[PDB]
Each structure stands twice: as structure tokens, then as C-alpha cells.
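The next block holds one structure in the form of C-alpha cells; read it before the comments.
Positions of Cβ are generated from backbone atoms using ideal geometry, with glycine treated the same way; all protein chains shown enter the neighbour counts. Rule-based calculations on the coordinates, nothing more; no lab input.
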């Protein structure tokens, strides 16, 4: 309360009033009866234990329901002291339910940031909050996470701190499902950096501030370009990230901004050509056809009605929450700031329209032949011109692909179905490349000469998602995540072990990563999936089926993580399941071989390679330089620098990444999505539960509980408990952020066993906290019983003072009455009586 001011307005969403707290922690609780329990419809609901069937349990509900469930379908419930705990990992009850429940409660109260160990859980508000508030930004500035409530800037500032304090590089790993809202955070983190450590001095003035011509802006402006090209309306989000990313903010020596570095991973090439019914393609398209810059429409040779471009109107065209017109400029302007040449800025556009046109390219069967022949030179003409090509040459190459099988170049004929498909392949190919280029070009501007001493990496990618249908793309992502996870499990193992070393506890344990090495080797190692995948890609006459068998003959029965599918449930077909940390994933191998080969009509590429549109020409260069290497039929593309695998890079990139991640001090952020239905203050259970498993959150709790469940971070320990031996615990906490907590525990009639200290935090038992209380319980009987007595004593002591006072007033009353009883019958007295009145 006193503290909170900085936020003030945000406060309510960060922390609760000091009595709201008090009124919550200090309330009646019946441990032995209060519990969490399994539940067929709702995941886990709370209840009170009624009876006990010797190994069965009957419980009442909170809604009113009675169920008799197993002994282990029943889970304890944390004392009220742990209501809306900033760090669930401090709880003395490391369960599945208690975690769900904590998140949930502090959300219904509008607190989106709750920590779960090292993580920084974040829940989608689905509404607006004063959190990103320009006051907060400062507030979180220079504060350990124990000096302030759960928030992202905490993570983000600490990184910075740590950055300069330890002279190590840092990282932030943001991860969640499609609708969790990571971009948002990522972006928000980024602003944070830019703000708290900028100072271009000259660039700071209110004169076209943030326009092209400064980075802090470039840095920023970056997003809105990428977003136009790599973002789209998903059925979950309205601006979903259809690719992954890694930015390196290169801080200087002083501590002020110096450089940036983007890298893109796994772009959703398919949107470019397809789209689900409730979705839509990349924004750009819709941006452009919006008509805010009419020249563009005529320049590209298109219309404003998307239904003229099959590729981009298979799903939806308009989204109410998006103003395509505004963005177009945003985008536009960003390009400029980004330093692109008008020409390039022209290529981009012109190139983005060609692609639309391609999808309009039509063909027909030559008569009496099964060959494809152009169905007109209306569109080709446009596509051709827009790309700096020749209509004819183009349609030929497309129709009569001139190949090179043997030591020559053999002209091959294609079918209608073959063309339509090849076209689509280029459309996608071109878009991609371009996108890649843009990134590079961005990076190029984001390159300064100033020295760099450290960087802070911000990684945004997807998390392990399980679908009834898991294809190639899923493997690639899952694999990424299963790696990331191990990356954590280790950091934690390293971390943990420091405490027990700092404190002096005697705990031995094996790396927690190790548990996952099994799965990883199976994928990335030499005779593993990828290899078998990338080898077969070399066999001119291999089949998905072929590949499949090779997969089995070699891993089946011999490998544990390897399994043959469970074809039924919500799944669509059979091929192979894997046993990832999050669970079993059923993978379908169909298209892999192809997808992995990235087959492109080289004749056409040829044309690109010699376009009048330099940029287009450029994008293709690297294909043109490896052809030397795969001159004759069969063989290896790599000889000339051409990719041999769809997967060959992914790995290379994923390695270059996980390596960059190592020379880093990992900082974790887990983004969460409350309800599919888009409702603030709400949460489906099992939906959040899921995420938690695949997040790593539930695994961090596990590893925690091995043991000493709840683990308190030192500052987070000071603040909350200083008050207990106030003088001696405050001194300890202030005098040494760590040494303090140490010193504090000096007092209390508590089990000095149940805990254990270490380099970053204390370890605590539960049933420990349970133990504590008990001791405490006895200690009040003492305190109370004694305080009762005096009272009791004293109580009667006042009775004597009254009894005594009364002493005579009674007598007076006593005797006085008696008189009358005697008198009232006496002549003389009756006389006096009748007579008493006549007097005066």
C-alpha cells in the first residue's frame, strides 16, 4: 500500500490491498477435511471430505455434489496463507490442482502475472489493462523480483541488471499456443529495452520521432513489416504469428543500445496458397487491396475484390478488429524507416502481386495429348511483367520443364495437375525467400559500427502443440521444444545444486535434462528419424511407404521412445508415435518426402535468376550457385550448395540457436490462453491444464517437489516475512539479500530441519509448513491459556469490587422492607398513614 504508488493505478492488477490480503490469509481453515478432487466433467473441483471408505473417498463439492473417488483422486489444499501467491513454487502443496487453482484465482481478480518457479506465467486478459503503463515501466526499474509483484518487466529488467552485474549475456524465452498472445509480449518486452536504455541523444527529439532514420525505431518498426508478411488471422488470434523469431539486442559497454539481429524460423508457406474457412492469409494482401494507396492497385494490376485471387480468399477477407487501410501505411512507412530502396520497396510490392496472379494462372489439356498447354496469356502477361520476365519463356518453362537427367538437359512435359502444383510451389517459394530477404535487409540496417559487449536474446516460437493430426511441421516444432525444455531442466539442475551448496545441505542428484536425451537422440542422431528422412530423399524412387519401413526396421522394437500408433481416439491415421516429455505424439508421414525435397522447376528459377527485377534476381542466386553440384540425374544437391533435406537446415539453424541460447543466462516466460471462447476473467480447466504440461510449468513443479516442494526466492522471502521477528529478520534481509533470510529464520519455534538454503533460494518442505504450524499451535495454547487466566482472574477481581460496594445498599434495602412488613399492620402506623396527607 505504502509501497505501491509508482503503479498506483495499475496496483490493483499487480497486487491487492493490504487487507484484501489479510482478510484472505487470516481466515478459518480445516486441513484434514478441505481438499481438491478429480472430476469427470470439470477437471478438478474443490470439496470437503465427508467420509473415508478405507481407500475410497466421499466428498462434497463446491456447487454441491457428492462423489466417491479413489484415495489418489484426492489432493490436499493449501492453507489460506497461500491464496494468490506470487510464486506458486512457494506453496507447500505441489500438486496439479493447486497450480491450476492459483492461476485461476488471481485471474478472476484480474492478475495476469503469476510466477511458477522461474517462469513468468502470463494469462490473456482479453481486455485492456493499465499494466503496460508508462508508470510501471519505471517502477520495475532497478527492482529484484522480490521487491515487486509478478510482472514481465520484472523479468525484463532483471535481465538487464544481471546483464551488467554478471557480465553475461541473457535470454528470454517466450512460448505458448497460437492464441496465448506472445507477439504482444515480445513486442512489449522489446519496447522495454529500447526505453530503459536508449539515448541516441540526437534521435530523441520530437521531430519525426520514431520515423525511419533512427533504430530504437528501426528496432521497433521492424515488427509491423514482418507482421504484414508473416502474420494473419488465425481462428484463435486475429494477428497470429505464423513464424518464429529470435532477436539479439546488442547492448553496448556502457549499457546503452548498440545493435539488433533478427532470425526467422518456420514460416507458414501454406497460407500463401491456402487458408482455412475461418482464417485468412497474410495481411499484406488484404492491406494492399484495401485501397489506401490506389496507385498500388493499378501498379500491381489487380483489383480491390479479393475474390479475384483464389490464393487469398479461400477463407475470410475481412476482420472487424483490423483496419487494413491504416496498416498499409504502417507497413509502408516502416519499409522506408527500415532503409529500403524505393525500388526494393517497389519490388516487394510488385513481387507480392505477382504471387496473387500466379494463383490465377490457368491451364488446359492439349488435345489428344495429356499435356498442359496455357489457357491464355492474360495473366501470365501481368505476372511476367511484374517480375521482369517474358510471358512466353515463362509459360514454356512451366509447361515444358527442361530438365537435366544424365549429363545433359532433357526436356520434360507436364500435366495440367503438375503445372498448377508447380506454380503454387514457386508462389510459395518466392514469397518465402523474399520474406527471408526482407529480414536480412532489416538486419543490415540494424548493423552499426559501435562496439558490442553483450546482448539480450528474445526468442519467440511456438510450444509443443498436440493435434489429432501431427505432420512434419509438428515434429520440427516439437523437436524444438523438447530441446528447449531440456535446456531448462538443466539450468534448473545447475541452479538448484548451487543452493544446496550455498546452504550446506547434502543433496545429490543427477541432471534433470538427462531424462529427455533419449527422445532427442532418436530424432537428431545419425540413424535417427531425420537422417532416415533425409537419406531416402536421395533415392530417386523412394516412397513415403518406403521411408516408413526404413523407419521401423531400424527403430522398432529396438527403441523405447519409438512406437507404432494408436490409430483411434481423436486421431486420423497410423504411422508412428513418439514419447516426448509432454506426452505421446502420433505422427503421420505423408508428404514428408516431398515437403522435405522442396521441389522447384528449375527452368523457371532460371528465368528469375536473370530477371530485370534485380531483387527477384537476387533472392534466387543461392539456388543458381549450387546447380554445379547436382549437374546430373540422381546424386547430391549439396555438391553445389543446394539443400539435400527439408530438414537439413532446420537442424543447422536450430543448432546455431541452441548454441546461442547456451552462452546465455536463460530467462523464461510462459504465455497462457484462458478460454477458446475469448472471455476475460475466465478459464477452461483442462485447456489451461494442457498448457501447463507442455509448458514446462508442471515439470518445474515436479523437479521442485523432489523433496523440498516450495522454494522461496530470498527477497520474495524478506518482504513477506520480515515482520515475524521484525527487528532481526529485517536486518538480515536488508544486510544481505540472502544472508538476511538466513539470519531471519534465527527466530520462531519452527523445525530448523524442514528447510534448506542455497545460492538463490531456500528450500522448504510442506507437510513441512504443516509441521511448522503445529509447533505454532502449541505455542499459542501457551500464549492463550495464560492470557485467558489473567482475564478470568481479573474478571472476578471486579466482581469483588462490586459485591463489596453493594454490601450496605443491600442491608439498607434488607432491613428497610422488614420494617414495613411489621408496621403496615400497626394501628398507629395506619393512622399516620391516613393522616400523613393532611399535613404540610
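Results, tabulated for the structure shown:
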item	result
Residues satisfying the stated conditions in the range 679-704, i.e. under 19 Å from residue 240 (Cβ atoms) and within 17 Å of the chain's Cα centre (by Cα)	687, 690, 691, 694, 695
Any hit, the range 264-277, residues being surrounded by fewer than 21 Cβ atoms within 10 Å (Cβ to Cβ), over 15 Å from residue 231 (Cα atoms) and under 22 Å from the mean Cα position of the chain (by Cα)	no
Selection within the range 294-316 - part of a loop (DSSP other than H, G, I, E, B) and either closer than 16 Å to residue 353 by Cα or touching a strand residue (DSSP E or B) at 6+ places or on another chain (Cβ under 6 Å) (or both)	301, 302, 303, 304, 305, 309, 313
Within the range 670-702, tally of residues that are in contact with a helix residue (DSSP H, G or I) (Cβ under 6 Å, 6 or more places away or on another chain) and more than 18 Å from residue 43 (Cβ to Cβ)	3
Only one of 530, 488, 469 that is farther than 19 Å from residue 667 by Cβ and buried (at least 16 other Cβ atoms within 10 Å of the Cβ)	530
Residues that are assigned to a helix (DSSP H, G or I) and either over 25 Å from the mean Cα position of the chain (by Cα) or farther than 18 Å from residue 355 by Cα (or both), drawn from the range 278-293	284, 285, 286, 287, 288
Subset of the range 641-666 (residues that are in a helix (DSSP H, G or I), under 16 Å from residue 535 (Cα atoms) and over 23 Å from the mean Cα position of the chain (by Cα))	648, 649
Any hit, the range 77-95, residues being over 25 Å from residue 154 (Cβ atoms), in contact with a helix residue (DSSP H, G or I) (Cβ under 6 Å, 6 or more places away or on another chain) and assigned to a loop (DSSP other than H, G, I, E, B)	yes
Counted residues, the range 207-216 - those being at positive phi and out of contact with any strand residue (DSSP E or B) (no Cβ under 9 Å at 6 or more places or on another chain)	3
Hits in the range 585-619 - residues which are under 26 Å from residue 466 (Cβ atoms) and in contact with a strand residue (DSSP E or B) (Cβ under 6 Å, 6 or more places away or on another chain)	585, 586, 587
Counted residues, the range 442-465 - those being under 28 Å from the mean Cα position of the chain (by Cα), under 26 Å from residue 285 (Cα atoms) and not in a strand (DSSP E or B)	2
Single residue of 204, 187 found to be closer than 18 Å to residue 112 by Cα and out of contact with any strand residue (DSSP E or B) (no Cβ under 8 Å at 6 or more places or on another chain)	187
Residue tally, condition in contact with a strand residue (DSSP E or B) (Cβ under 6 Å, 6 or more places away or on another chain) and either buried (at least 23 other Cβ atoms within 10 Å of the Cβ) or within 17 Å of residue 670 (Cβ to Cβ) (or both), over the range 138-151	2
Hits in the range 96-112 (condition: more than 24 Å from residue 761 (Cβ to Cβ) and in contact with a helix residue (DSSP H, G or I) (Cβ under 6 Å, 6 or more places away or on another chain))	110
Top-ranked residue in the range 533-561 [being crowded, with 19+ Cβ neighbours inside 10 Å and in contact with a strand residue (DSSP E or B) (Cβ under 7 Å, 6 or more places away or on another chain); ranked as nearest to residue 517 (Cα to Cα)]	555
Qualifying residues in the range 102-124 (those that are assigned to a loop (DSSP other than H, G, I, E, B), crowded, with 18+ Cβ neighbours inside 10 Å and at negative phi) - the one farthest from the chain's Cα centre (by Cα)	106
Unmet requirement for residue 198, which otherwise passes all of (1) more than 22 Å from residue 327 (Cβ to Cβ); (2) touching a strand residue (DSSP E or B) at 6+ places or on another chain (Cβ under 6 Å); (3) in a helix (DSSP H, G or I)	(3)
Out of 61, 68, sole residue that is touching a strand residue (DSSP E or B) at 6+ places or on another chain (Cβ under 6 Å), over 29 Å from residue 696 (Cα atoms) and in a loop (DSSP other than H, G, I, E, B)	61
Members of the range 670-706 that are on the phi < 0 side of the Ramachandran plot and assigned to a loop (DSSP other than H, G, I, E, B)	673, 674, 675, 676, 677, 679, 680, 682, 683, 684, 705, 706
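Matching residues to (1) over 33 Å from the mean Cα position of the chain (by Cα); (2) closer than 18 Å to residue 217 by Cβ:
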| residue | (1), (2) |
| --- | --- |
| 309 | yes, no |
| 315 | no, no |
| 318 | no, no |
| 322 | no, no |
| 327 | no, yes |
| 338 | no, yes |
| 341 | yes, no |
